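Heads up: the structure comes next, in structure tokens.
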Amino acid sequence: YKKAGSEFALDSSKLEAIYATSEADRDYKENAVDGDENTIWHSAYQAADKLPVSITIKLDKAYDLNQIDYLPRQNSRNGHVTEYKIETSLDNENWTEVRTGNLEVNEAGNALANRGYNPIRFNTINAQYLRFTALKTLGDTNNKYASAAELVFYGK
Ligand SMILES: [Ca+2]
Ligand SMILES: [Ca+2]
């Protein structure tokens with residue numbers, strides 16, 4: 001039987017990545033919301049690159065949103081987000097801060113506790129744009145670059 005809430009997951013074709021602070025290689029912003037667990041967005045990792053970095057997703061219409069799931073890159077820890085901010089907008093110009101938060105880490109504070117989908121819930125807000133910002137991340141250099149395999153959105 002279904003997980004409470006799962007019927008409200010939006011198809012990934014409804015999510016367009018319209019902005020990211022930077023990108024590396026072929027790890028395009030669009031890959032954070034292409035419904036493919038195997039493709040990632042990864043921000044750039046040259047000397048002047050640093051956190052924070054953001055990625056902005058446009059939905060096909062406004063929704064009443066109350067959750068996104070963050071899926072970490074599945075075959076490497078580089079860019080795993082550990083602290084994030086969520087903002088939303090109706091017009092891609094006036095932003096509301098909807099939450100900041102942390103994803104759980106291990107005892108050492110150097111690896112994610114949950115390698116799968118990490119739920120990020122917030123009070124329902126009508127929005128057509130959501131900006132996800134990586135404030136802290138893990139990697140072979142920590143707190144420098146972010147990645148995301150998927151951002152799954154829930155709304156009505
Ligand atoms: Ca998409
Ligand atoms: Ca992907």
Side-chain angles (χ1 to χ4, degrees), residues 6 8-63 65-93 95-105 110-122 125 127-155:
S6 63
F8 304 107
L10 308 186
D11 288 318
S12 296
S13 60
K14 294 163 186 306
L15 280 56
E16 181 189 1
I18 56 161
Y19 171 85
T21 303
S22 57
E23 285 185 0
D25 312 312
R26 312 195 290 155
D27 293 335
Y28 302 129
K29 65 184 183 284
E30 294 78 5
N31 290 0
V33 292
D34 62 357
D36 186 338
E37 300 185 347
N38 315 278
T39 61
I40 68 178
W41 167 54
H42 198 295
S43 69
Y45 48 81
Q46 303 309 302
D49 290 302
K50 182 35 198 10
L51 300 184
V53 291
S54 301
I55 180 166
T56 302
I57 308 307
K58 179 182 178 178
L59 302 184
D60 65 300
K61 56 175 184 181
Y63 291 83
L65 287 183
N66 66 356
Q67 179 174 334
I68 66 169
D69 291 348
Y70 169 82
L71 184 68
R73 182 175 189 177
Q74 291 296 104
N75 64 7
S76 162
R77 53 78 175 270
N78 275 3
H80 280 186
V81 172
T82 66
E83 190 172 293
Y84 60 81
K85 179 167 67 169
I86 303 309
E87 296 161 278
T88 64
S89 183
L90 285 162
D91 61 9
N92 196 33
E93 181 158 21
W95 290 95
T96 295
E97 177 173 328
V98 305
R99 72 164 295 177
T100 65
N102 286 273
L103 297 186
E104 187 193 5
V105 291
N110 57 33
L112 295 181
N114 174 8
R115 290 194 54 201
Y117 286 94
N118 286 239
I120 299 172
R121 291 176 75 180
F122 42 89
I125 185 168
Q128 181 167 3
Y129 299 80
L130 180 150
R131 182 159 61 195
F132 176 85
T133 299
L135 299 169
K136 295 184 187 306
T137 59
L138 295 162
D140 286 351
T141 297
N142 301 288
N143 297 315
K144 184 173 179 77
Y145 40 76
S147 60
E150 279 302 300
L151 303 175
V152 178
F153 277 64
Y154 295 84

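Residue numbers count from 1 along this sequence. Values below: all heavy atoms of this structure, side chains included; hydrogens, waters and symmetry mates excluded.
- The line from OG1 of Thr133 to CG of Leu51 is 10.0 Å long, rounded to the nearest 0.5 Å.
- When side chains are defined from C-beta on, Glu30 does not count as touching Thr39, because their heavy atoms never get closer than 4.5 Å.
- Side-chain atoms of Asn143 come within 3.5 Å of backbone atoms of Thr137 as a donor-acceptor pair (strictly under, hydrogens ignored).
- For the residue pair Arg77 and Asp140, the shortest heavy atom distance occurs at NH2-OD1, 2.9 Å.
- Summarising the geometry of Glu97 relative to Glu87, their closest heavy-atom pair is CA-CG, 4.1 Å, with the distance given to 0.1 Å.
- When side chains are defined from C-beta on, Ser43 does not count as touching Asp49, because their heavy atoms never get closer than 4.5 Å.
- In this structure, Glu150 contributes its side chain and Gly35 its backbone to a donor-acceptor pair below 3.5 Å.
- Here the straight-line distance linking atom CD1 of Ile120 with atom CZ of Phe132 works out to 5.0 Å at 0.5 Å rounding.
- For the atom pair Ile125 CD1 and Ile86 CD1, the distance stands at 11.5 Å (nearest 0.5 Å).
- The heavy-atom pair separating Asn114 from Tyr117 by the smallest distance is ND2-O, 3.1 Å.
- Between the side chains of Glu93 and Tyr129, not a single donor N or O lies within less than 3.5 Å of an accepting N or O.
- In this structure the side chain of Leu151 reaches within 4.5 angstrom of the side chain of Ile55, judged on heavy atoms.
- A donor-acceptor pair is defined here as one N or O able to donate and one able to accept, closer than 3.5 Å; such a pair exists between the side chain of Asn31 and the backbone of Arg26.
- The number of heavy-atom neighbours closer than 6.0 Å to NZ of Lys58, taken from other residues, nucleotides and ligands shown, is 12 or below.
- Between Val33 and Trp41, every side-chain heavy-atom pair lies at or beyond the 4.5 Å cut-off.
- Here the closest non-hydrogen pair linking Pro72 and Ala149 is O-CB, 3.7 Å.
- Ring centroids of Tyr63 and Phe153 are separated by 6.0 Å or more, keeping the two rings apart.
- Proximity of a side-chain donor or acceptor of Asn118 to a complementary backbone N or O of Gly116 within less than 3.5 Å is detected.
- A donor-acceptor pair is defined here as one N or O able to donate and one able to accept, closer than 3.5 Å; such a pair exists between the side chain of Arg115 and the backbone of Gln74.
- Between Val152 and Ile68 the shortest side-chain heavy-atom distance does not fall below 4.5 Å.
- Side-chain contact between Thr82 and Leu112: present, with at least one pair of heavy atoms (C-beta onward) separated by less than 4.5 Å.
- For the pair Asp27 and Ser147, the minimum side-chain heavy-atom distance is 4.5 Å or more.
- The two residues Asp69 and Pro119 have their closest heavy-atom pair at OD1-CA, 3.3 Å.
- Each of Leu138, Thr21, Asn78 was checked for a side-chain contact (heavy atoms from CB on, under 4.5 Å) with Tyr145, and the lone residue meeting it is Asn78.
- Residue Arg99 places its CZ atom among more than 12 non-hydrogen atoms of other residues, nucleotides or ligands, all under 6.0 Å distant.
- Distance alone, capped at 3.5 Å, is enough to place a donor-acceptor pair between the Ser89 side chain and the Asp91 backbone.
- Within the 3.5 Å criterion, the main-chain N or O of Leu59 finds a donor-acceptor partner in the side chain of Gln128.
- Formation of a donor-acceptor pair under 3.5 Å by the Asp36 side chain with backbone atoms of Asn38 is found in this model.
- Taken to the nearest 0.5 Å, the CD1 atom of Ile40 stands 12.5 Å off from the OH atom of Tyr28.
- Note that the CG atom of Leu15 and the CG atom of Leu130 stand 9.0 Å from one another [nearest 0.5 Å].
- Once rounded to the nearest 0.5 Å, the distance linking CG of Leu65 with CG of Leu10 reads 7.0 Å.
- Annotation: side chain of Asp25 is in contact with side chain of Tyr45 (closest heavy-atom distance under 4.5 Å).
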